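Generate coordinates for the sequence data below:
(5 chains)
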Amino acid sequence: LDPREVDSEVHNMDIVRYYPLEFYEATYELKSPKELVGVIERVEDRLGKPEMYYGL
Amino acid sequence: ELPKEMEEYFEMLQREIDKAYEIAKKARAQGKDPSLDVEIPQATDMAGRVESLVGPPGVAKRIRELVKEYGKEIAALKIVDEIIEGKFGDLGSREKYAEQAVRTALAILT
Amino acid sequence: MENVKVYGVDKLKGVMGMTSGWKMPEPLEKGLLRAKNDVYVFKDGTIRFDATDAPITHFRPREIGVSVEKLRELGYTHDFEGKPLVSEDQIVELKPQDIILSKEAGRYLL
Amino acid sequence: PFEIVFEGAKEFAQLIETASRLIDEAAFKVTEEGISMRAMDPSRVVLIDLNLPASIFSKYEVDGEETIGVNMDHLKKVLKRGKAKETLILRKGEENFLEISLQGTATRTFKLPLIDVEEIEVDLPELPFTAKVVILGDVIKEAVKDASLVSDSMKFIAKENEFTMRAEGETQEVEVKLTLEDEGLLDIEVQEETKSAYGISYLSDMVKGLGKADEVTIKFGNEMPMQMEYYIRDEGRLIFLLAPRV
Amino acid sequence: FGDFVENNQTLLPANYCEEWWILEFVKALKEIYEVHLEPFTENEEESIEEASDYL
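Residues are numbered from 1 along each chain as shown, chains lettered A, B, ... in the order given. Find the structure here:
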C-alpha cells in the first residue's frame, strides 16, 4: 500500500487528537475551510515522509 | 526509509502471498485447466499495474524515473511524447500510435 | 462423478450459452463440489461476497473477539500510546491492510 | 456370490426409505453375522445405525465378507416398486452389479451397478443417559407435527411417572404431557431431572413413517445427544443419535 | 472537519461542547495561576497537585 497513489479524497482526512481553540473561534466568523487548512493536520501534510503508516 | 515495524509487516504479507502462490502454481501445472500457469500477476506500484494492463512493454522504469523527476501529469505527457517518437518499438500506422498513447496516458493519470 | 467420488448431488445448474469468444467450458468436477458444498460461481470462475464498506483506524481486542496472545502472534505489540499491550481494553492501531470481517462473511467463507 | 431372501418386501422398502431420508450415499457391510450400515448426514448432526441379523432373513448364504455401495435414490425407487405380499431376493455375483428380484405372480429383476463410496469409520459408544422412555409412534408423530405447527425447536422434559414435551415460539406455544396410566406411555425410568432441546426438521425426518402400533424407545439426558431406536421383527434394530442445540 | 474541506463547504458555528470547555478551562487556569496542563494526555504530578491545591 502506497498512500501517495490511492485516491485524492482520503488526503483530506484528520490525524489530530483534538481540534485547537483557533478552529472553534474561527467557526463563529463563518470562514471557509481553506483558510485554516494549515492549523489542523491532515493526511496530505504527511505524504512523502516515513510516517504515513505510523501514527494517526 | 520505513521504520522496523512497517517493513516487517509488509515482509510477512509477501511471505504469506508467496506461500499461497507456490501451491497455486503447483496445482495448475498438471494441465486440468485452460492454462498451465496462474493468470493473476502481482504488481507493486502504479508503473507495474500500467505495464501489466495497457503496456507497452518496458514502460515501467520510464514511468518510475519520470515520476521521480517531474511529477504525475508532466510524466504522463513525457511518456506520451516518448511513445509518439517511438522509443518502445515500432507499432504501425498513426492510428495505432494514437490509440496506444491515449490508453497509456489515461492509465497513468488514473 | 467417478472422478471425484461425489455421487449424492440433487441439482447442478449450468448456463444456456457461453458468452466468451472461445466458448471453453469448465470441468464438471468443480461444479459437483460447488453443489456439494453450497457455493455459487461468477462470470470469471470465482466465488465472491458483497458487503457495505465502513472505515476504522483503531480497534479494541474485545470488540473483535481476539485474545491478546493471538494479536501478539499476528504482530501487534503496543497500544496507540506506547504502553505494552497487556489487556483487552487497550486501544490498538490498525495496520493498513488488516480487515475485520462480518459474521455472515465468515460463515460463507467457511 | 451370496444370496439373501426376505418376506414382505414392503417392510424392507419402508425401512430403506426411512434410513435414506437423511443420508444419500451409503455402504452396506455384508457378513455372516448380518447386513449392517452406519453413516452420517452431511451436517454431522444425526447418526444412523442399521443392523439386520442373519436370523430375520428367511434365506441367508454368505461366504466371506465384502462391502457394497449403492446410491440411495435408485435403490429406494426399486424397493418401493415392490408390493405388500412379495418376496424380495437380493443377489450379488462375481460382477459389479447388484440384482434385485421381486417374486410374486411373476418375476421382475432389476440391476444396479455398484459405486465406490469412500468409507469413514465413526461410532458413538454408550453415553451416561439419565432418562429412558418407551412410547408408541402414533403419539410422538402427532406431537412433533403439532410442535412444528407452532415452533422450530422442541424440548424434552422427563420426570417420575410422567413424560412431557414442549415447543416455544414467537407468539404461540404448545405442550404435551402424559403419564403411565395413559396408553401413550408403556414404561419409564428416571435417574434425575432431565431437560434438553433439539431441532424440529431432523425430528420430523426421522419420526416420519412410524406405524400406529409400534414400540419406540427413547433415551436422553441433560444437554447431551438424544438416542431413539425401534426394533424390526424383534431382532433387527435401527438407531438414530441426534445432536442437541447449544 | 476533512469532510468540509473536501466538499468546500463554509464552516458553521460550533455548538458548545466539552472539548471546547476543557480548552477554555486549561487556558484560564494557566492565565490566572500559571499552571501548565493539557487535556487528553497525562500531566506531571507537581502541576496536578498545585492545581488541586488552588482549586
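
all helices for the chain, in order.
Just going to use chain A. With DSSP state H as the criterion, chain A has helices at A:21-27.

not what I meant, chain E
Here chain E has its helices, by DSSP H, at E:2-7, E:18-33, E:45-54.

Packed most tightly, which of those helices would that be?
helix E:2-7 (a mean of 16; mean count of other C-beta atoms under 10 Å in any protein chain shown). Placement of C-beta: from N, CA and C, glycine included.

Can you name the residues of chain A sitting close to chain E?
A:9, A:12-14, A:17-21, A:23-24, A:26-28, A:30-34, A:37, A:40, A:42 (C-beta under 8 Å from any C-beta of the partner chain).

Can you select the buried ones among those for me in PyMOL?
Filtering the residues of chain A next to chain E down to the buried ones (16 or more other C-beta atoms under 10 Å in any protein chain shown) takes a single PyMOL command:
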select buried, chain A and resi 12+13+19+23+24+26+27+33+37+40+42
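
out of the helices of chain E, nearest to chain D?
Closest to chain D of those, according to C-beta to the nearest C-beta: helix E:2-7, at 42.1 Å.

Which strands or helices does that closest one pack on?
For helix E:2-7, not one helix or strand is in contact under the criterion 3 or more C-beta pairs under 8 Å, 6 or more residues apart in numbering or on different chains; DSSP states H and E.

which residues sit against that helix?
A:9, A:12-14, A:33-34, A:37, A:42, E:11 (C-beta atoms under 8 Å, 6 or more residues apart in numbering or on different chains).

could you dump these to a markdown table with distance to chain D?
Listed next are the contacts of helix E:2-7 as a markdown table, based on distance: C-beta to the nearest C-beta, whole Å:
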| residue | distance to chain D |
| --- | --- |
| A:9 | 45 |
| A:12 | 48 |
| A:13 | 44 |
| A:14 | 45 |
| A:33 | 51 |
| A:34 | 56 |
| A:37 | 55 |
| A:42 | 50 |
| E:11 | 50 |
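
related to what we said a few turns ago, tabulate the helices of chain E (TSV), appending distance to residue D:170.
Listed next are these as TSV, based on distance: least, C-beta to C-beta, whole Å:
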stretch	distance to residue D:170
helix E:2-7	42
helix E:18-33	43
helix E:45-54	56
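
Phi, psi for the nearest residue to residue D:41 once chain neighbours are set aside please.
Leaving aside its chain neighbours, residue D:41 sits nearest to residue D:22 (4.6 Å; criterion: C-beta to C-beta, 6 or more residues apart in numbering or on different chains). Backbone torsions for residue D:22, taken as degrees, to the nearest 10, come to phi -120, psi -40.

tell me the contacts of residue D:22?
D:41, D:46, D:48, D:202, D:205-206.

mind redoing it with 6 Å?
Taking C-beta atoms under 6 Å, 6 or more residues apart in numbering or on different chains, we find residue D:22 in contact with D:41, D:46, D:205.

go on, residue E:40?
A:17-18.

distance of it from residue D:150?
56 Å (C-beta to C-beta, to the nearest Å).

May I have the beta-bridge partners of the residue nearest to the spatial centre of chain A?
Central residue of chain A (C-alpha atoms, centre = their mean): residue A:42, 1.6 Å from the mean position. On the basis of DSSP bridges, residue A:42 is bridged to residue A:14.

From residue C:57, how far off is it?
Distance from residue A:42 to residue C:57, by C-beta to C-beta: 14 Å.

likewise residue B:8?
20 Å.

repeat for residue B:81
Taken as C-beta to C-beta, the span from residue B:81 to residue C:57 is 42 Å.

report the longest helix in chain D, please.
helix D:137-150.

Report the separation between residue A:32 and residue D:77.
Counting by C-beta to C-beta - residue A:32 and residue D:77 are separated by 79 Å.

and if you look at residue D:219?
34 Å.

With residue D:150 instead?
On the measure of C-beta to C-beta, residue D:150 and residue D:77 end up 35 Å apart.

likewise residue B:109?
Residue B:109 is 66 Å from residue D:77, by C-beta to C-beta.

Could you do residue B:33 as well?
Taking C-beta to C-beta, one finds residue B:33 at 37 Å from residue D:77.

who's more crowded, those two?
Remark: of residue B:33 and residue D:77, residue B:33 carries more neighbours, 16 against 12, as counted by other C-beta atoms under 10 Å in any protein chain shown.

and the residue nearest to the spatial centre of chain E, what does it touch?
Centroid-nearest residue in chain E: residue E:23, 1.8 Å away (criterion: C-alpha atoms, centre = their mean). Residue E:23 sits next to residue A:21 when contact means C-beta under 6 Å, 6+ apart.

Pull up the distance across stretch D:90-105, start to finish.
Taking C-alpha to C-alpha, to the nearest Å, stretch D:90-105 runs 18 Å from one end to the other.

Excluding chain neighbours, what is closest to the residue of chain A found nearest chain D?
Using C-beta to the nearest C-beta, the closest approach of chain A to chain D is made by residue A:1 at 40.7 Å. Setting aside the residues directly before and after it, residue A:1 is nearest to residue C:96 in space (C-beta to C-beta, 6+ apart), at 4.6 Å.

What is the burial count for residue D:157?
For residue D:157, the neighbour count with other C-beta under 10 Å is 18.

Now do the same for it: helix, strand or coil?
Following DSSP: H, G, I helix; E, B strand; the rest coil, we place residue D:157 in the strand state.

what sits against it?
D:164, D:195.

rerun at 8 Å
D:164-166, D:194-195.

So residue D:107 sits against residue D:99, correct?
No - Residue D:107 lies out of contact with residue D:99 (C-beta atoms under 8 Å); the separation is 11.3 Å.

so residue D:127 touches residue D:223, yeah?
No - using C-beta under 8 Å, residue D:127 is not in contact with residue D:223; the gap is 11.7 Å.

Count residues in the vicinity of the closest residue to chain E within chain C, would you?
Closest residue of chain C to chain E, C-beta to the nearest C-beta: residue C:81 (8.9 Å). Here the number of neighbours of residue C:81 (other C-beta under 10 Å) works out to 10.

which residues of chain B fall in helices?
Going by DSSP H, chain B shows helices at B:6-28, B:46-53, B:59-69, B:73-85, B:94-109.

repeat for chain D
Using DSSP H, helices in chain D cover D:9-19, D:72-80, D:137-150, D:200-207.

check contacts around residue 24.
No chain specified, so I'll use chain A. E:14, E:20, E:23.

let's do chain E instead
residue A:21.

got it, and the one 5 residues further on?
Residue E:29 makes contact with E:35, E:37, E:51, according to C-beta under 8 Å, 6+ apart.

And the residues you listed, which is closest to residue C:46?
residue E:37 (56.5 Å; C-beta to C-beta).

what about that closest one, neighbour count?
Residue E:37, neighbours per other C-beta under 10 Å, totals 17.

Looks like it contacts residue E:49 (just checking).
No - taking C-beta under 8 Å as the definition, residue E:37 is not a contact partner of residue E:49, at 11.7 Å.

between those two, what contacts are shared?
Common neighbours of residue E:37 and residue E:49 (C-beta under 8 Å, 6+ apart) do not exist.

can you pull the contacts of residue C:1?
The contact partners of residue C:1, by C-beta under 8 Å, 6+ apart, come to C:7, C:32, D:115.

how about it, secondary structure?
Here residue C:1 is recorded as coil under three-state DSSP.

Same check on the one 4 residues further on?
In three-state terms, and counting by three-state DSSP, residue C:5 is coil.

on that earlier part again, nearest to residue B:28, of the contacts of residue E:29?
Nearest to residue B:28 among these, with distances taken as C-beta to C-beta, is residue E:37, at 64.0 Å.

Count the neighbours of the nearest residue to residue C:75 once chain neighbours are set aside for me.
In this structure, residue C:75 finds its nearest non-sequential neighbour in residue B:9, 6.3 Å apart by C-beta to C-beta, 6+ apart. Around residue B:9 there are 17 other residues, counting by other C-beta under 10 Å.
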